[PDB]
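Read through the structure below, which is laid out as structure tokens, and then see the notes.
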Amino acid sequence: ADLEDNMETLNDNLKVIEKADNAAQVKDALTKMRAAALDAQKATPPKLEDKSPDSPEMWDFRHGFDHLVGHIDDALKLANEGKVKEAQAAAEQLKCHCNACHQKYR
Ligand code: HEC
Ligand SMILES: [Ca+2]
Ligand SMILES: [Ca+2]
Ligand SMILES: [Ca+2]
Ligand SMILES: [Ca+2]
């Protein structure tokens with residue numbers, strides 16, 4: 001549903017997470033993020049123009065959303081187990097996924 005908007009959704013919900021008060025909020029943000037990541041994973045960034053879905057760049061692109069959903073799952077667990085700050089920290093550790101893709105395909 002538009003790659004810009006998917007990316008806005010991940011960004012945004014990182015902020016709510018840092019600012020959050022209780023796991024239920026954090027739980028909801030990570031939900032939004034996960035869906036965003038799966039939707040984004042289906043799109044074609046401008047730099048990957050006329051690259052066939054079997055190209056390494058488009059494989060690598062889709063791959064990058066896979067590691068990230070993993071780490072979002074791994075953080076959601078902490079959420080459902082009431083463990084806020086540790087999930088608020090796991091969330092921070094997600095910026096490792098953000099940087100790597102961007103530097104390649106933004
Ligand atoms: C590739 C597998 C990506 C990962 C993982 C993340 N981002 Fe991304 N982002 C990606 C691309 C290819 C682009 C450019 C889209 C375009 O319109 O050119 C972006 C852009 C953003 C932006 C800017 C959005 C805007 O208003 O134009 C933001 C704020 C952003 N991305 C955030 C973001 C965060 C917070 C991520 C980790 C949780 C993250 N992205 C991962 C590609 C990829
Ligand atoms: Ca746009
Ligand atoms: Ca924008
Ligand atoms: Ca928008
Ligand atoms: Ca905004």
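Each chain in the structure tokens gets a letter, A, B, ..., in the order shown, and its residues are numbered from 1; ligands are numbered from 1 in order too.
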For this session: Identify, on the basis of only C-alpha atoms, every residue whose closest approach to residue 68 (chain A) does not exceed 8 Å; exclude the query and any residue fewer than 3 positions from it along the same chain; express the result as a PyMOL selection string.
Result: chain A and resi 37+64-65+71-72+94+97
For this session: Would you list the residues that come within 10 Å of ligand 1? Count only C-alpha atoms and all ligand atoms and give the answer as an MDAnalysis selection string.
Result: chainID A and resid 2:15 30 33:34 36:37 40:41 43:48 58:69 71:72 91:106
For this session: From a DSSP calculation on the backbone, collect every residue of chain A in helix (DSSP H, G or I) and output the set as a VMD selection string.
Result: chain A and resid 3 to 18 23 to 40 46 to 48 56 to 80 84 to 92 95 to 105
Exercise. Residues at most 12 Å from residue 87 (chain A), counting only C-alpha atoms, excluding those fewer than 3 positions away in the same chain, as JSON, numbers by chain?
Worked result: {"A": [14, 17, 18, 20, 22, 23, 24, 25, 26, 27, 29, 30, 71, 72, 73, 74, 75, 76, 77, 78, 79, 80, 81, 82, 83, 84, 90, 91, 92, 93, 94]}
Please, could you write that set of residues out with C-alpha atoms as a PDB file, in the first residue's frame?
ATOM      1  CA  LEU A  14       9.182   3.647  16.436  1.00  0.00           C
ATOM      2  CA  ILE A  17       7.291   2.993  21.094  1.00  0.00           C
ATOM      3  CA  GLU A  18      10.019   5.114  22.669  1.00  0.00           C
ATOM      4  CA  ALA A  20       5.052   4.615  25.250  1.00  0.00           C
ATOM      5  CA  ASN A  22       2.440   0.447  28.755  1.00  0.00           C
ATOM      6  CA  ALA A  23       3.033  -2.757  26.791  1.00  0.00           C
ATOM      7  CA  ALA A  24      -0.445  -2.638  25.224  1.00  0.00           C
ATOM      8  CA  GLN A  25       0.546   0.508  23.326  1.00  0.00           C
ATOM      9  CA  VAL A  26       3.938  -0.997  22.457  1.00  0.00           C
ATOM     10  CA  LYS A  27       2.096  -4.161  21.473  1.00  0.00           C
ATOM     11  CA  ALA A  29       2.859  -0.299  17.456  1.00  0.00           C
ATOM     12  CA  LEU A  30       4.811  -3.461  16.731  1.00  0.00           C
ATOM     13  CA  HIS A  71      13.217  -9.083  14.922  1.00  0.00           C
ATOM     14  CA  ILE A  72       9.777  -7.514  15.192  1.00  0.00           C
ATOM     15  CA  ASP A  73       8.320 -10.912  16.195  1.00  0.00           C
ATOM     16  CA  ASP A  74      11.217 -11.369  18.625  1.00  0.00           C
ATOM     17  CA  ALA A  75      10.322  -7.999  20.142  1.00  0.00           C
ATOM     18  CA  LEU A  76       6.564  -8.585  20.169  1.00  0.00           C
ATOM     19  CA  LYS A  77       7.149 -11.546  22.483  1.00  0.00           C
ATOM     20  CA  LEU A  78       8.583  -9.247  25.144  1.00  0.00           C
ATOM     21  CA  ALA A  79       5.454  -7.160  24.631  1.00  0.00           C
ATOM     22  CA  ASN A  80       2.933  -9.952  25.256  1.00  0.00           C
ATOM     23  CA  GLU A  81       5.023 -10.882  28.331  1.00  0.00           C
ATOM     24  CA  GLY A  82       4.515  -7.395  29.796  1.00  0.00           C
ATOM     25  CA  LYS A  83       8.246  -6.708  29.383  1.00  0.00           C
ATOM     26  CA  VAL A  84       8.116  -3.066  28.258  1.00  0.00           C
ATOM     27  CA  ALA A  90      14.633  -4.443  21.248  1.00  0.00           C
ATOM     28  CA  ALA A  91      12.703  -1.928  19.159  1.00  0.00           C
ATOM     29  CA  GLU A  92      15.673   0.437  19.208  1.00  0.00           C
ATOM     30  CA  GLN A  93      17.848  -2.364  17.912  1.00  0.00           C
ATOM     31  CA  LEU A  94      15.722  -2.416  14.763  1.00  0.00           C
TER      32      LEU A  94
END
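If you look at CA of residue 16 (chain A) and atom 1 (Ca, counted along the ligand's line) of ligand 4, they are 16.3 Å away from each other.
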Problem set entry | Computed interatomic separation between CA of residue 28 (chain A) and CA of residue 85 (chain A) (Å) | 15.0 Å
